J.: 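This is the structure I have questions about; it appears just below.
Throughout, protein chains are lettered first and strands after them, A, B, ... in sequence-line order, and every chain is numbered starting at 1.
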Amino acid sequence: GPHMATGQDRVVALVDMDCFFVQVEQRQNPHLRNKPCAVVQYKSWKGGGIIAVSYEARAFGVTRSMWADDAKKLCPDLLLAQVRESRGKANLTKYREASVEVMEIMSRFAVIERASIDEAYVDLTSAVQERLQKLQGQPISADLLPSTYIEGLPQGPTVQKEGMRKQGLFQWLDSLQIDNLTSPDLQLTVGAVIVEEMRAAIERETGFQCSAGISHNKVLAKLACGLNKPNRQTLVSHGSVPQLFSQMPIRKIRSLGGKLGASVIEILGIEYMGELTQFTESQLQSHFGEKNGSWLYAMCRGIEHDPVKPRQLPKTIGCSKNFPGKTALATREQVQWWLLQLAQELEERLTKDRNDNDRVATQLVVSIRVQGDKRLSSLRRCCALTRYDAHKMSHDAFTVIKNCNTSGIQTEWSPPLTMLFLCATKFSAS
DNA sequence: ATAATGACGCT
DNA sequence: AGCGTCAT
Ligand SMILES: Cc1cn([C@H]2C[C@H](O)[C@@H](COP(=O)(O)NP(=O)(O)OP(=O)(O)O)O2)c(=O)[nH]c1=O
Ligand SMILES: [Mg+2]
Ligand SMILES: [Mg+2]
């Protein structure tokens, strides 16, 4: 009762760029704007595998992982841009640099956690505090929230999207407890005002559109972000959670998209996140373990405590290439030459990293996959990273895997290698 | 025959 | 240390 802790302590946003790789290519090539288009890599195999799809092309059913030859059958006017290739592999530099543009702008507003190349969580608790003080006690106008959705509103006794959005925003703002700087709903509202400002800044200064979720934790902010894509932001209040989760499939919640989520569904005999509330914490801990049990108990009530970590820089820098099917590497010099390609890209990226960020990696991780073997990595081995020298790194990486070579013949490699992966890790102040 | 990456848990 | 899960 007077002591129940309701997970309303923070204001957290998740900002995610809309069809990001497509937007980067579309800013550079105006002929691609506002058309169905996709970004692909490796043109030689069925037109390339699609890794990003504009919303106009999604309306025809084009999805990521589709072959471009197959996507053209769904969308004959689909326009393509292809990832740069360097040293015989995909080169994502252009998108990393675009990502840096966005991240630096978000960093001006608050502490951000870089979560992927195109999204970052934002901890707005302090910033909300400040703006509440600066704003006398004056109402929050709907004009401050021109792209915001209030999830679950409108309710109670218009046929177009923007009309619904406004009605719900009006209902929310009409109900707001403005003379109450402690109310979690007021805090989220002010957080949403700031995220409008952050997204306007991103669009003005980069040309890129994005969406955002605003809620009290990372999981809800990420869920909310996807509710009204593209180019829109969604506020998910604590109060919206029971109805939102009542028909929310379990797999849609961050970290439940895989085997854990599948076992939650099968073991408990449930479909929706809200049905989790019927189980005691001990019961959930008995099926899924102490931390997963506790996490599920709180999460299905809308409560989650994972912090927004102050980290804008990756912890690792890695290069990898697949060699599927008959292209699997089978001679030792083939293995050596690719390791050298990977090491040369890694040297470039590390040197830049050291200049910009004043740190050095100190460990090199070599990972390979074998023909027939099932998993992402078949095998990982590590060694010291003492010099950003591509030839040393590729030689060292070879040294530590070369006795994986089951092959008798002096010049062959068996089993064939279907993946090579070099990763620099364990950064330290430089 | 998606691919290329990245964060982190378990042991 | 080396492996497994989950994600974009
Ligand atoms: C999912 C996914 C995305 N990406 C690259 C390009 C995507 O544009 C960049 C950002 O990912 P996202 O936010 O999951 N997808 P999106 O930005 O293209 O589209 P949306 O507007 O966010 O739904 O992901 C991959 O390279 N492999 C992937 O598996
Ligand atoms: Mg995105
Ligand atoms: Mg994303």
Side-chain angles (χ1 to χ4, degrees), chain A residues 14-21 38-53 62-71 82-96 99 113-121 218-219 222 225-226 251-263 288-292 295 306 309 311-328 341-342 345-346 349 363-369 371 373-383 400-401 404 418-427:
Chain A
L14 188 274
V15 179
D16 189 281
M17 315 298 304
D18 304 330
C19 55
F20 182 46
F21 287 16
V39 176
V40 301
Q41 52 187 16
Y42 299 137
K43 212 74 190 60
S44 73
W45 190 241
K46 305 219 151 193
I50 291 176
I51 74 175
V53 192
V62 178
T63 59
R64 136 191 81 87
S65 107
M66 259 183 204
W67 299 119
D69 290 350
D70 294 341
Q82 64 201 62
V83 171
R84 182 184 290 142
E85 262 183 63
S86 320
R87 299 172 207 87
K89 72 177 291 291
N91 175 351
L92 304 174
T93 304
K94 189 198 297 178
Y95 314 113
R96 292 185 181 105
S99 181
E113 170 181 344
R114 187 219 181 256
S116 81
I117 198 177
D118 93 308
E119 70 214 72
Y121 295 92
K218 291 161 73 168
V219 175
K222 172 63 168 180
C225 188
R251 70 187 170 264
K252 302 305 189 177
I253 270 68
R254 182 219 103 194
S255 71
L256 301 187
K259 291 180 191 214
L260 182 57
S263 70
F288 307 114
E290 188 185 301
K291 81 301 287 180
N292 290 346
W295 189 86
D306 185 28
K309 286 153 206 192
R311 200 191 64 242
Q312 196 167 337
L313 299 181
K315 299 186 151 157
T316 65
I317 296 194
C319 305
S320 67
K321 187 181 178 44
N322 290 335
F323 306 91
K326 144 179 178 309
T327 70
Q341 304 316 302
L342 293 179
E345 193 194 338
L346 193 58
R349 289 173 67 194
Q363 198 188 232
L364 183 60
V365 171
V366 200
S367 173
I368 67 188
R369 170 144 50 154
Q371 193 145 71
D373 194 294
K374 314 307 194 310
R375 308 144 292 162
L376 251 71
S377 163
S378 291
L379 182 140
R380 260 162 287 181
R381 297 281 184 276
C382 68
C383 75
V400 309
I401 63 138
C404 296
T418 50
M419 193 269 299
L420 298 180
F421 160 108
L422 285 189
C423 187
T425 71
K426 293 213 197 309
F427 287 88

J.: Is the phosphate of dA1(B), meaning OP1 or OP2, less than 4.0 Å from a side-chain N or O of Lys46(A)?
T.: no

J.: Between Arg369(A) (CZ) and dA1(B) (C1'), how many Å, whole number?
T.: 12 Å

J.: Please encode protein proximity along nucleotides 1-8 of chain C as a string of B, S and -, counting only heavy-atom distances under 4.0 Å.
T.: -SBBSBSS

J.: Send over the distance from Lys89(A) NZ to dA3(B) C1', rounded to a whole Å.
T.: 10 Å

J.: Within the structure, does a side-chain N or O atom of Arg87(A) lie under 4.0 Å from either OP1 or OP2 of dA4(B)?
T.: no

J.: Examine distances only and state if a side-chain atom of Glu113(A) and a backbone atom of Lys309(A) form a donor-acceptor pair shorter than 3.5 Å.
T.: yes

J.: Considering only the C1' atoms, how many Å lie between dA7(C) and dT2(B), rounded to the nearest integer?
T.: 15 Å

J.: Against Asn91(A), only a single residue in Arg84(A), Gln41(A), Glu85(A) fulfils side chain to side chain contact (heavy atoms under 4.5 Å, CB included); can you say which?
T.: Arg84(A)

J.: Taking the minimum atom-to-atom distance to the side chain of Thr316(A), which one of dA7(B), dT5(B), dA3(B) wins?
T.: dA7(B)

J.: Please report the C-alpha distance between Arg96(A) and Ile117(A) in whole Å, then the side-chain angles of each, then the deciding distance to 0.1 Å, and finally whether the side chain to side chain contact (heavy atoms under 4.5 Å, CB included) criterion is met.
T.: CA-CA 7 Å; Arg96(A) 292 185 181 105; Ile117(A) 198 177; 4.0 Å; yes

J.: What is the distance from atom CD of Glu345(A) to atom CD1 of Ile317(A), rounded to the nearest 0.5 Å?
T.: 10.5 Å

J.: Does the side chain of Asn322(A) get closer than 4.0 angstrom to OP1 or OP2 of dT2(B) through an N or O atom?
T.: no

J.: Measuring from atom OG1 of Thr425(A) to atom CG of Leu364(A), what distance do you get when rounded to the nearest 0.5 angstrom?
T.: 8.0 Å

J.: What's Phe421(A) touching, base or sugar-phosphate or nothing? Going by heavy atoms closer than 4.0 Å.
T.: nothing

J.: I want to confirm an ordering. Mapping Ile317(A) and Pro324(A) to their closest nucleotides on DNA chain B, which one lands closer to the 5' end?
T.: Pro324(A)

J.: Tell me every residue that passes ring pair (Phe, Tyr, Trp, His ring centres under 6.0 Å) with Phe21(A), counting only those two or more places apart in sequence or in another chain.
T.: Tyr95(A)

J.: Start at the 5' end of DNA chain B and walk down; is the nucleotide closest to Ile51(A) or to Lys309(A) reached first?
T.: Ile51(A)

J.: In whole angstrom, give the distance that lies between atom NZ of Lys218(A) and atom P of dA7(B).
T.: 12 Å

J.: Rounded to whole angstrom units, what separation is found between the NZ atom of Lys426(A) and the P atom of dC8(B)?
T.: 14 Å

J.: Grab the CG-P distance between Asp69(A) and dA1(B) for me, whole Å please.
T.: 18 Å

J.: To the nearest angstrom, how far is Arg114(A) atom CZ from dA7(B) atom P?
T.: 7 Å

J.: Can you tell if the side chain of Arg114(A) reaches within under 4.5 Å of the side chain of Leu313(A), non-hydrogen atoms only?
T.: no

J.: Which is true for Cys423(A) with a 4.0 Å heavy-atom rule: it touches a base, it touches only sugar-phosphate, or it touches nothing?
T.: nothing

J.: Might you work through the side chain to side chain contact (heavy atoms under 4.5 Å, CB included) test for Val83(A) and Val40(A), ending with a clear yes or no?
T.: CA-CA 6 Å; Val83(A) 171; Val40(A) 301; over 6 Å; no

J.: With sugar-phosphate meaning primed atoms plus P, OP1 and OP2, does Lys321(A) contact a base, only sugar-phosphate, or nothing at under 4.0 Å between heavy atoms?
T.: sugar-phosphate

J.: Let me know the distance between CD of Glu290(A) and P of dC10(B), rounded to the nearest Å.
T.: 10 Å

J.: Hey, does the side chain of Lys291(A) come within less than 4.0 Å of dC10(B)'s phosphate (OP1/OP2), counting only N and O?
T.: yes

J.: Using the side-chain heavy atoms of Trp45(A), tell me which of these nucleotides is nearest: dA1(B), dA4(B), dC8(B).
T.: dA1(B)

J.: Under 4.0 angstrom, heavy atoms only, what part of the nucleic acid is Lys374(A) near: base, sugar-phosphate, or nothing?
T.: nothing

J.: Using atom OH of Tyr121(A) as one end and atom P of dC8(B) as the other, report the distance to the nearest whole Å.
T.: 12 Å

